[PDB]
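Residue numbers begin at 1 in each chain, while the letters A, B, ... track the order of the sequences. Heavy atoms only: backbone and side chains are in, while hydrogens, waters and symmetry mates are out.
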Amino acid sequence: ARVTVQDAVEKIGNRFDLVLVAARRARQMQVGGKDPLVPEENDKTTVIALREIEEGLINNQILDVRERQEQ
Amino acid sequence: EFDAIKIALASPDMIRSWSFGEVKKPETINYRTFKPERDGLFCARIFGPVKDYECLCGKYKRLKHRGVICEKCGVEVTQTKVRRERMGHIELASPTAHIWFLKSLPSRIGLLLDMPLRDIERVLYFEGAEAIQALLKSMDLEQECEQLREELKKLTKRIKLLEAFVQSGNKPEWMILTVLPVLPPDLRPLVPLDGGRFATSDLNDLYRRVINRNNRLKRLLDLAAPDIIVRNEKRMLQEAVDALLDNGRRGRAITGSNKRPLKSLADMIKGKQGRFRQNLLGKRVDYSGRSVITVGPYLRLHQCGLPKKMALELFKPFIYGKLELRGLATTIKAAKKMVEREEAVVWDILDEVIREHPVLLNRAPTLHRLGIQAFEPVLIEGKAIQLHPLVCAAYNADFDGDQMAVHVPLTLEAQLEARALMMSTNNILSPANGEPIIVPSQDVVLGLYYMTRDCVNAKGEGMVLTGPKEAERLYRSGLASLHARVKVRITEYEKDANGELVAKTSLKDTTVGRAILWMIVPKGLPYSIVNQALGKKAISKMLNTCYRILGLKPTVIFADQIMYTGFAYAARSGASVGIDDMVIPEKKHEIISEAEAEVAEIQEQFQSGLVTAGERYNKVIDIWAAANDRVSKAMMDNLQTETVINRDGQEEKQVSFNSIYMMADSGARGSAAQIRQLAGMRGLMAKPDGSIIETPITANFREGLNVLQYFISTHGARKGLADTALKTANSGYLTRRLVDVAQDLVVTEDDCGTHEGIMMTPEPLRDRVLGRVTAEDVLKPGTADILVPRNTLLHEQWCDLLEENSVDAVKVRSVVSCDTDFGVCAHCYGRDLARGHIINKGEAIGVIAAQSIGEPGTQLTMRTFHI
Amino acid sequence: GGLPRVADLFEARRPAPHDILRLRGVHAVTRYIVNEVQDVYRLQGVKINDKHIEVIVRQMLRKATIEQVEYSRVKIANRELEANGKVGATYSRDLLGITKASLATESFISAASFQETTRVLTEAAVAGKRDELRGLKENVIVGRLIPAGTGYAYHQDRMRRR
Amino acid sequence: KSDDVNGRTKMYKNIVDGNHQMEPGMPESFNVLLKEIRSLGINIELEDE
DNA sequence: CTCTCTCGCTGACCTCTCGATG
RNA sequence: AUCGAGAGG
DNA sequence: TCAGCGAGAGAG
Ligand SMILES: Nc1[nH]c(=O)nc2c1ncn2[C@@H]1O[C@H](COP(=O)(O)OP(=O)(O)OP(=O)(O)O)[C@@H](O)[C@H]1O
Ligand SMILES: [Mg+2]
Ligand SMILES: [Zn+2]
C-alpha cells in the first residue's frame, strides 16, 4: 500500500480496475461512515483501502454482496 | 444528454429564428454616457440587461418583477449572463455571395455550373449576384443527374456533388446570403482603460463598415439614381462582406489605426492562436506552481522536497476545512485572517494535511510520458525544489538554472491514479525498449569503481579474514588498504527448483573493498557479480539481474543503497584534476617532423611534372592522417599503463591510477576521442563548404593554439550551433503529425483468432523475438520433435532454451495482420515493454508509438554543440 | 539520410512502396519500411522496437477501392452479403502519407483541429455530416472521460444502454 | 480547474466540507466556439436524441 | 493519349523584462 | 489586449 | 525563402 502497490495488482488482476475498487471502498469510509477492517495506524482512507485489498478482505464481489444484504 | 454533433448550411428562416431583435443600424455606445444606443450593435433591448435584475431606466429593481418587459424601455429583467447567449441579425438590401463557397481550390458555387473560375469571378464583380442566384435556383438536380449518368474522370465529381446535395437535404440556392447573423456582445467586449479612452476589437469595425455601406445602398434605391452609380455600390458591398468573413482571399486587406491587417471571424478559429489549439486542446489551471530545482542527496526514490511557503498557498481550502472542523474558527473570514497572520497552529495542520497526498512534477519540454511524475512532499526551508539524483536522466534535467512545475490532485480517484500509475516507483523500465531507465552515473560510478580496483603490495596484503565485517573494521581502524588482496570466507544463496533458498559457504580470493561492498547485495545473487572492477555497464547489469530474479520491491532498496555507498566512497578518495595529469608523449616531435619532411619531399614530384595537380592532395591528406594515428596511439599507450612498481623486491607493471584515465575508463564522463584533443593533436579541420584544409592543427589544448588555428576552428563551432538551433522545428512538426495520424488506436479485444504472422531472422535472434507469440507451427530442429507449443509468450527462460538448440527462425503474430475492426487484439500486439507481462485491454498504443518514434530525433538535436 | 529521409519515408514520397504492396503483399512493405527506417536510426545508436513502426504503417494504409471508401466498411458489408449466400465484392488496397491520411477520417472535428480548418468546414457543411465522438481528441474537446484506461469500462456501459 | 463556472464553486465548497468529489459540466470555450461558427452562417448543434 | 510548363495555396515547447498604442 | 525589442531552459 | 502538390494549358 505504501511505497509500492504491486501486491494488490496481482490480486485484483490489473491496474485499471484496482483504482476503481479502491475509490469505491474509500468513499464508504470518508463520507458514508464505516469502520476499517484493519488497524487504522494513522492512515488516509486510500491507504487503508489498499491495505484491506492486499490482505484479501475486499474485492468487487464482496462489496456487491454487502450492498445486496443492506437492501 | 447528447451523443452527436450535426453540421449543415443555414437558411434565412433559421437565422431569423435565432435572433432576439431586428436589424441594427446605429453604431455604438454613446461615448458621452456609457448607456448603449437603442437598436445598435450594443443595445439593451436586443441583447439584454447591462446589470443583474435591473432595467435600463431603473423603474424595476426587484426579483418580484422577474419576467416583465419595460413599457418605456422595452428591456426585460433577467440575469445579465444572457448577454453571452442572445444573437441578432442584419437585413441586407442586395444579395451577396459567400467568399468561402466561391474562393477555394475545388470551387463549389462554380462547379454545379459549367463555367470555370475566371469568367464567373468576372461576372460576380460587375464586369452580379442576382444572375448567379437565379441560375442556381433555376436548375434541376435529378434531370441533370440522369443525363450525366446516361452520358457516361471529370464528370464523376459533378455526379457525386449533385448526389450530395440531393441526399443532404440542402438547397443549392442557399449559398447566396440574404440575412447576416450578429454575434453576441459579451464575446466582443469593450474594455475600459485608466484613461478616458477605450480599446475595441476588430469585429466592431467590420460590422460598422458593412452596416454603413448597406445603408448607403438603401438611399440610392429611394432616390432612383441611375444604374451606373448603383452598379458601383453593389460591387462595394460584396467587397465589405468578404472582409468580415475571411480577409485576404482576394487581396484587398483593410487596416486600422496602424498599418496592420484587421482580424476577421475566420481568423479566430484557425491557426496556432485559434480556439482549437489555444483554448480547447490546452489551457491554464488552478492549484499550480513553479520554481528552480536543486539536488537532494538524502531523499528516497519516492520523495521530493517542497518549500513550505509554496505548500501553504497550494493547500489553502484543506487548511480552512481542518480549521473549521476543530472549532478554532467559526466564520469563513476568521480562518483567512489566521492563515494571513501565520499563527503557530497552522504549521501543524499543514503537516497533517500532506501526510500521504502525492504531487505531480513536470519539466517544460515533454517529449515522452516520463516527463510528468508523482512524488510525496517533504517540507523544507528555502525557495528551491529538491529532486532525486536518480530521476534526472528521464527528465533530461540538470542543475544549471533549470525550472519545474508542480500540480496537486484533488479527488480520491485522481489521488489513487497518481499513486498507482504515475508514481516513480512504478516506472523503472522504458516503454520504447526493455532496458531500465534509473541508472547511476558520474559520482556513483567513480566511487564504486574506486572501491573495486586492486593494487600490488598494498598495506595489509596477504591476510585471512572471517568475513566482511572484519574487513570493515580493518579499513576503519587504518590497518589495511582498500585495494589489498586477501582471503575471505563468504556465504551465498541460490534458488532451487521449488523456489527456496539454499546456502553455501567457502573461502575466496578477493579484496577488502569488494568484501565491504558485498554487504548490500540482496540474498539470491552470486558472489562473482562484484568480484571485478565495476563500470557503468556492470552496475546496470547488476540492477537488471536483480529485477529479473527477485522482483520489484528489493530493486528499489538495492538502487538507493548503491547510490548512498557511491556518494560516500567517492568523497573519501579525494579525486581531483591538475595540469600534470595531461601527459604528452615524448615522440610527438619526431613524428611531426618526419611527416613535414615527407610532405616537403613530395613537392619535388610536382615542381617537375610527375604527378597530377589533383593527386598530391590525397597523398598529403593520407600522410597527415597516418601521422595523427601514430601520435594518438603513442599517447594512449603511454597513458593507460604506468606502474613501475616494486613487488617484494622486483619490478612489475599494472594498470595506472591517473585521474583522467580513471575518469575515462570507468565510464563516468570522459571519452577516448576527447583525451586526444586534450593531450594529442586536435587534427584536421574542414572548410565551411565541406572541403578539408590541407594542413592540420598540430597543437592540443594543454599547449595553446595560435591565431590562425583558433580562427580556423570557429567554422565548425558556429556550424554546429546553427544546426542545433535551426532544426528543432522539424522534429516537433514530425512528432505532431505522427501523434495526429494514430491517436485513436486502442486494444479493444482479447483474441483475433487469425493464423497469420511474419518470420523473423537474425542483430541476434533473441533480441528480435523476446516478447512475441508464435503465429504458426514451430518445432525443434530435430525431425518430428516439438520444442515450443504454438501461441506461447517467449520470456527469458524460453529464449535461453531455444538459443541452446540454435533455433534457426521463428514465426510470430503482428499488429498489421489483424482482422479486428476498430482496434487491435492483445495477442497480435504481444508483450508490453514497460511491465513485462502481456498487454492489457484499454491501453492507447498509438500515442505511445508516436512518442517513442518522435523522442530520439529531438534528443539528437540539441547535443550537437557538445562535440 | 538524416531527419528528411525519415520524414520522406512516412509520407510515401515518389523516388516504390506502392508497387511493393501492389505486387508482393503488404507483408513485404511492412518489412521494407521497418528496415529502411531502422537503417537511419541504427547509425546513431538508437534502440526502438519494431512494433511502433508497424502501428504507424497499419494506420497509413486504411482505405480501399473497388469511389474511395473505408476498408472496414467494405469488409463488414462483404461479411453481411456472404452471410446470405450472395456475391461479395473485390477491392484493391491503397496507401497514403500521414498528412493525407489524417485529413481523410470519418470525424470532422479532429480533422478541423489538425490543420486547414476552412476546407474541412466547407466540405462538412456541404455534405451535412455527423460526428459520433469515438476518439480521444473529441472527448478531450467536449470534456468527457477518454475511452481508454480507467475510463474504458465507463464507455462500455454506454454501449450496453444503446 | 478551468472553464467550469459551477463545477469550480461546487468543488471548492466540497473540499471545505471535507468531501473529495467533483461534478463536471461543460467548458465555456466550446459554447464560445459554437456561437462563433454560427456567426459564419453555418448551422451546428448537438443532437440530444 | 500524354509528357512538359507555369502558377498559386498551406505549412514551419514553456517562462521573464521593458515602452508605445490603443 | 496588440505590436516591437531582448533574455532563460 | 524554401519545399511540396494539384489545376490548367500547351505541343506534339
Ligand atoms: N531552443 C530550445 N528548444 C527546446 O525545445 N529545448 C531547449 C532549447 N534550448 C535549451 N533547451 C533545453 O536545455 C537543454 C540544454 O541546455 P543546457 O541547460 O545549457 O544544458 P547542456 O546540455 O547544453 O550542457 P551545458 O550548457 O550546461 O554545458 C536542452 O536539452 C533542452 O531541454
Ligand atoms: Mg539546464
Ligand atoms: Zn425601463
Peer 1: Of the listed nucleotides (E/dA12, E/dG22, E/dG11), which one gets closest to any side-chain atom of B/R277?
Peer 2: E/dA12
Peer 1: Using the P atom as the reference point in each nucleotide, state the distance between G/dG10 and E/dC7 in Å, no decimals.
Peer 2: 12 Å
Peer 1: Just by the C1'-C2'-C3'-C4' torsion, is E/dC18 north or south?
Peer 2: north
Peer 1: Among E/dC13, E/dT15, E/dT10, which nucleotide has an atom closest to any side-chain atom of B/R290?
Peer 2: E/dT15
Peer 1: Would you measure the distance from the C1' atom in G/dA7 across to the matching atom in E/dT10 and give it in whole Å?
Peer 2: 16 Å
Peer 1: Rounding to the closest angstrom, what is the interatomic distance between E/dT6 and G/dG12 at atom P?
Peer 2: 15 Å
Peer 1: I'd like to know if B/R736 and B/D740 make a salt bridge, using a cut-off of under 4.0 Å between side-chain N and carboxylate O.
Peer 2: yes
Peer 1: Any donor-acceptor pair under 3.5 Å linking the side-chain atoms of B/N204 with those of B/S201?
Peer 2: no
Peer 1: So what does the secondary structure string of DNA chain G come out as, 5' to 3', with Watson-Crick or wobble pairs under 3.5 angstrom, [ ] for crossing and | for pairs with another strand?
Peer 2: ..|||.|.|||.
Peer 1: B/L193 side chain: which of G/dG4, E/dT15, E/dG22 is closest?
Peer 2: E/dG22
Peer 1: Using the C1' atom as the point on both nucleotides, what is the distance between E/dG8 and F/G8, in whole Å?
Peer 2: 41 Å
Peer 1: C1' atom, G/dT1 versus E/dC14: distance in rounded Å?
Peer 2: 28 Å
Peer 1: Tell me: CZ of C/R119 to P of G/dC5, nearest whole Å?
Peer 2: 14 Å
Peer 1: Please give the distance between the P atoms of E/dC9 and G/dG8 as a whole number of Å.
Peer 2: 13 Å
Peer 1: For DNA chain E, determine which residues of residues 850-867 of chain B have any heavy atom closer than 4.0 angstrom to one of its atoms, and list them numerically.
Peer 2: none
